[PDB]
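Chains as they are written, first to last, in the deposited numbering: chain B, 101 to 199; chain A, 1 to 99. For each residue, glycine too, the CB sits at the ideal point set by N, CA and C. See below for the structure under consideration.
2 protein chains.
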Amino acid sequence: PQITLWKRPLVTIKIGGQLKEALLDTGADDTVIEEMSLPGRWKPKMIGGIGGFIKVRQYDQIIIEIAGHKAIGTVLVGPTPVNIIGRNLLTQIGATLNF
Amino acid sequence: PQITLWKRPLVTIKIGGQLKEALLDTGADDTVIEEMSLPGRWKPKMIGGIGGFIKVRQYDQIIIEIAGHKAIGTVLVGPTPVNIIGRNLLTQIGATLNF
Ligand SMILES: CSC[C@H](NC(=O)COc1cccc2cnccc12)C(=O)N[C@@H](Cc1ccccc1)[C@H](O)C(=O)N1CSC[C@H]1C(=O)NC(C)(C)C
Numbered sequence: 101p102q103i104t105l106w107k108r109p110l111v112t113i114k115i116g117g118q119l120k121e122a123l124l125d126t127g128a129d130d131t132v133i134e135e136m137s138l139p140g141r142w143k144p145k146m147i148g149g150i151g152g153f154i155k156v157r158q159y160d161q162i163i164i165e166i167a168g169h170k171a172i173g174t175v176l177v178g179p180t181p182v183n184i185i186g187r188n189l190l191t192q193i194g195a196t197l198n199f
Numbered sequence: 001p002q003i004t005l006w007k008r009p010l011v012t013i014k015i016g017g018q019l020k021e022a023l024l025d026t027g028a029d030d031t032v033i034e035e036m037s038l039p040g041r042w043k044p045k046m047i048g049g050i051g052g053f054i055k056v057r058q059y060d061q062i063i064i065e066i067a068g069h070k071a072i073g074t075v076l077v078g079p080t081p082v083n084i085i086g087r088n089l090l091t092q093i094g095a096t097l098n099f
């Protein structure tokens with residue numbers, strides 16, 4: 101698809117068998133999702149944004165479907181205001197910005 | 001241009017006579033620039049993201065040249081660590097996300 105930006109670029113993701121909504125976010129290096137249970141061991145990470153730094157849980161090699169495209173990679177879990185698909189997974193689906 | 005997302009999508013912008021580097025950010029509703037002086041009347045606003053909220057000054061009808069393309073819109077000024085070009089100005093330069 102070709103997504104214009106007059107509205108937020110919200111898509112449906114499937115993770116852990118659940119459907120969720122998430123934003124395609126070119127300003128985010130990483131992918132961060134709201135609190136949920138994921139399989140496996142996690143590692144600690146600090147990420148920062150507009151209002152400061154938050155601690156999150158890093159899970160690796162997680163299967164996630166983004167608007168119907170399968171991606172496998174790192175997902176962070178923490179207290180984020182919105183589910184964010186960042187550039188680590190946007191590169192896996194082949195997304196580009198065009199103007 | 002077509003901009004791949006292996007790296008942060010940073011471009012040069014010109015605002016208020018000054019050249020600055022800024023991030024093209026499809027996750028941002030608003031455009032937020034580091035503290036600088038701009039002409040005109042402003043109103044205070046709070047904006048939130050990862051980490052919480054910050055206070056900014058809202059300037060209306062500002063002209064910004066984004067990688068050589070002129071756009072006009074609302075610009076928020078305040079203590080951001082990175083200059084952010086959000087959807088309110090990305091629309092005006094005809095930016096789309098494609099996959
Ligand atoms: C994975 S979530 C963390 C993400 N941060 C980043 O990828 C990179 O951060 C940084 C890069 C370089 C220097 C930095 C210094 N101090 C803090 C963060 C920094 C982030 O919050 N990115 C956001 C943009 C941004 C990048 C760098 C600094 C600050 C903000 C995001 O694209 C967005 O637009 N979001 C995510 S939450 C809502 C919305 C957002 O903040 N909206 C505004 C800007 C408040 C309107």
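Per DSSP, cross-strand counterpart(s) of residue i
| i | result |
| --- | --- |
| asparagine 198(B) | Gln2(A), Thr96(A) |
| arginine 157(B) | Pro144(B), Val177(B) |
| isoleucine 133(B) | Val177(B) |
| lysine 70(A) | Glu65(A) |
| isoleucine 184(B) | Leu123(B), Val132(B) |
| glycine 149(B) | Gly152(B) |
Contacts that residue i makes with chain A (C-beta to C-beta distance below 9 Å)
| i | result |
| --- | --- |
| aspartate 160(B) | Near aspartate 160(B) there are no residues of chain A at all, since even the closest Cβ is about 19 Å away, more than 9 Å. |
Amino acids of chain B, ordered along the chain, whose beta-carbon sits closer than 9 Å to that of residue i
| i | result |
| --- | --- |
| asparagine 98(A) | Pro101, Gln102, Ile103, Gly194, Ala195, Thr196, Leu197, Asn198 |
8 Å Cβ cut-off: residues of chain B touching residue i
| i | result |
| --- | --- |
| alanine 28(A) | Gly127 |
Residue i, enclosing beta strand (DSSP E) - first and last residue
| i | result |
| --- | --- |
| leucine 19(A) | 18-24 |
Proximal chain A residues relative to residue i, where beta-carbon distance stays under 7 Å
| i | result |
| --- | --- |
| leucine 124(B) | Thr26, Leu97 |
| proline 109(B) | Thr26, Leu97 |
Nearest to residue i (by Cα), restricted to the options the options
| i | options | result |
| --- | --- | --- |
| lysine 170(B) | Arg157(B), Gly194(B), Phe153(B) | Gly194(B) |
| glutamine 18(A) | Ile66(A), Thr80(A), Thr74(A) | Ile66(A) |
| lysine 20(A) | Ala28(A), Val11(A), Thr74(A), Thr26(A) | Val11(A) |
| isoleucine 113(B) | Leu189(B), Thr196(B), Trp142(B), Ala128(B) | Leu189(B) |
| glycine 168(B) | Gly148(B), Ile147(B), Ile115(B), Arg108(B) | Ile115(B) |
| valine 32(A) | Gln92(A), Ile85(A), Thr91(A) | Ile85(A) |
Span of the alpha helix (DSSP H) around residue i
| i | result |
| --- | --- |
| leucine 110(B) | Per DSSP, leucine 110(B) belongs to no alpha helix (DSSP H); it is in the beta strand (DSSP E), 110-115. |
| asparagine 188(B) | 187-190 |
Report task. Determine which residues of the region 141-160 of chain B have a Cβ less than 8 Å from any Cβ of chain A, and write them out in chain order. Result -> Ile147, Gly148, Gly149, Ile150, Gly151, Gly152, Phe153, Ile154
Query raised in the report: Between the region 72-94 of chain A and chain B, which residues of the former have a C-beta closer than 7 Å to a C-beta of the latter?
Result: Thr80, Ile84, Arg87, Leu90, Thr91, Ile93, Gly94
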